[PDB]
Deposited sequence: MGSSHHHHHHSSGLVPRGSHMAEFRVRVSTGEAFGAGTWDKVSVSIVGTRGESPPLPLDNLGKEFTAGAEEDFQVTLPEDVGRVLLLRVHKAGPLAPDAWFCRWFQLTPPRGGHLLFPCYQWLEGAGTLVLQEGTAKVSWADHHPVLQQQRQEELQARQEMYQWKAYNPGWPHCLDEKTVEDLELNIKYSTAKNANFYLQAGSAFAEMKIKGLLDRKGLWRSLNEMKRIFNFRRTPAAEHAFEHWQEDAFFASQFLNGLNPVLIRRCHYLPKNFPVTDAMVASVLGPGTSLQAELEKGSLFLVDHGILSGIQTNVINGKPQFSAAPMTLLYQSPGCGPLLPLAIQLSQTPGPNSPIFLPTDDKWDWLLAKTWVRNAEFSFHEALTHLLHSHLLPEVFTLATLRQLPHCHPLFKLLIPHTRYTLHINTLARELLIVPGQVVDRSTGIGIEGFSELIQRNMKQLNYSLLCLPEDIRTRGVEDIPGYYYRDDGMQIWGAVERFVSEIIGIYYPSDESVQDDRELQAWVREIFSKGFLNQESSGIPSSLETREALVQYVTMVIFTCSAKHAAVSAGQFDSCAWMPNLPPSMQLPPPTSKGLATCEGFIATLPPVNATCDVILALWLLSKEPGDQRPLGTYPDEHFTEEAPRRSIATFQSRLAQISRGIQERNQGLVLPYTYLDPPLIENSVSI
């Protein structure tokens, strides 16, 4: 009853993907199990093997080891069966692999495969465990050091070398110039240009030149570091008491303020969440924050969005002036940079960290814990989780720990960041995580020049259509979705570990329809790729000119108008060493250091079936069409929005 197969093995092209250890392979069939059979990087050599007995239909492929990065196996019966791996093998350890054809739990009921799914999941759950990092926070990976991470989720040796090779020179450049050891104020606004001797960019250059333009201050809520906040005002908030006399200049004697509310041209940026937030100490001095509201007016006939009024405090009264554009330059300019400072604290804590990094990590951890290697959802999602656990543990290990940059140079400090995350978690909402629902809800479907909306809506449509073709392949009905016990346990873990079982969040705790499943997968894949890129790519473009994005403030918000001066303004801005401490951090975290794979590109061919590959080719094609329409729209913009060009978007959160 002897049997023989041809074994093809493909090792990784990465540094040290090959070993010198011996490798055996067992073959599990429908009849029985085969005895262990003994067999550099980028190698694609074949092997010969003779089963002492035929095990019938091929069910599992076990690969014992005597690290080694395997890509895929290929066995040949007396026909071809691909066993995609794309994992690491360290020391002695066996790896069980099902065939590449994606399989839901109900798809194959033979007992050897069901028992294998659970075993792998029982292992992944002991391998990747949750921890309560902080009260009110999403749960995270329960590891302390990147030295505690497995090779499969660890940062690539090449990519790591890129990151610590750049941070060394970038830190070395700034410390040599004394900028990291000046604990006092900037000599002048003129001296803040020295930052451009460190790193330069046409976006940063544009930010410095148009810094004082109300149209540039008002367009950054649409196309800047944090464009999610802007929402249309149905009414003027009671907290913000603006009058016609305040805006008669910008609006002119033609229209009224209510008359603009009814047209839908009045908009609002509300940083109220920073109200009463705990502040940090920098160089022994107290650091302050505002809780600003800014009124914005959209000009008639596709004109510029213009600000109308700024109230730094969330409490109305005589000691919280409503600064206007018509006010003295230093009063109006000061009010604007208090908002820009409000944007910084809000963006880095919530928009970037809470939504872009913590939520993507919850998606990743639940994917490894609940979806086995052969599940279609795993193959679809796993490339959008790459490196996300490494970059987070790296963040809890290097960024928000006492004595680090958040503690050293932020006006909110680690305390403030945690409180904002705890506060913002309780208002989290499914709509704001679904781009089309978010922009319908905020009432910003109609405002012009909103390139983050235009591009996202484009990218959201492509992913949703890709996801649907994939869900349509493997899920024939709603009943098939409801019966996927692994899928349901995946959404539940996310709802509890990530969203803390909050009902007001509206995040589904279960998926009952294919449409709901498509929507849910799109949101995950989107926030792991396009969403992070749109809030991360322009960090240095926004802070390089420090007044554009101040990380801290050293004087309380002004209680009266007619008091700000050049000297007081500079006095209020952060110190030098803290200015550069953040700028250096934001520069390192604005681009992928190395080994970057663009949205839609899946070199790890987990999908081996013809139907999924056809869907990937179509997805990739559509993304190219979007990238060309963006390049066409940017041809005529003084400042082109490039944060959502698919080619410059990363598959997962790795930076």
property	result
Chain regions without C-alpha coordinates, deposited sequence numbering	1-19, 59-65, 93-98, 111-112
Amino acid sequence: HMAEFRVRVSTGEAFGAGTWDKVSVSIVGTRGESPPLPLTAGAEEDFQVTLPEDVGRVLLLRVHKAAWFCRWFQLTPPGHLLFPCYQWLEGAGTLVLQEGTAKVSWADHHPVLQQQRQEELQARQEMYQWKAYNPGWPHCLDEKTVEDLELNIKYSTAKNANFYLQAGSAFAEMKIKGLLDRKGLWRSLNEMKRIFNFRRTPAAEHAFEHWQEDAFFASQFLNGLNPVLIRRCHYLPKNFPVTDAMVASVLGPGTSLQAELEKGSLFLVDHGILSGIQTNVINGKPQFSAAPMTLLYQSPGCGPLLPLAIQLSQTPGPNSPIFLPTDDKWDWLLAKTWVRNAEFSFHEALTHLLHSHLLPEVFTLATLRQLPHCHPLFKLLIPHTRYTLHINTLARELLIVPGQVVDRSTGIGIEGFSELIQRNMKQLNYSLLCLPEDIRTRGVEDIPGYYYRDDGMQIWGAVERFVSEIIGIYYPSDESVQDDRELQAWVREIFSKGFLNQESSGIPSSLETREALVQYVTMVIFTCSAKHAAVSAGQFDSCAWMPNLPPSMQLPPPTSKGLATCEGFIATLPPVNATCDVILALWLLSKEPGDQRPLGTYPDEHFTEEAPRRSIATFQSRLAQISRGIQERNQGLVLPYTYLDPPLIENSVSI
From here on, numbers count along this sequence of modelled residues.
query: 79-87 set against 531-539, stretch whose average Cα temperature factor tops the other in the entry; finding: 79-87
query: Residue stretch of maximal mean CA temperature factor, 67-75 vs 160-168; finding: 67-75
query: Member of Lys193, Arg514, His384, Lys175 with the greatest C-alpha B factor (per the PDB record); finding: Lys175
query: Residue, from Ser590, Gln625, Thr618, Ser26, that the PDB entry assigns the highest Cα B-factor; finding: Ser26
query: Among modelled residues of the same chain, the CA temperature factor third for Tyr430; finding: middle
query: Chain thirds of CA B-factor: placement of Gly252; finding: highest
query: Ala204 CA temperature factor, ranked by third within the chain; finding: middle
query: Within-chain third of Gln129 by Cα B-factor, per the entry; finding: middle
query: CA B-factor ranking of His110, expressed as a third of its chain; finding: highest
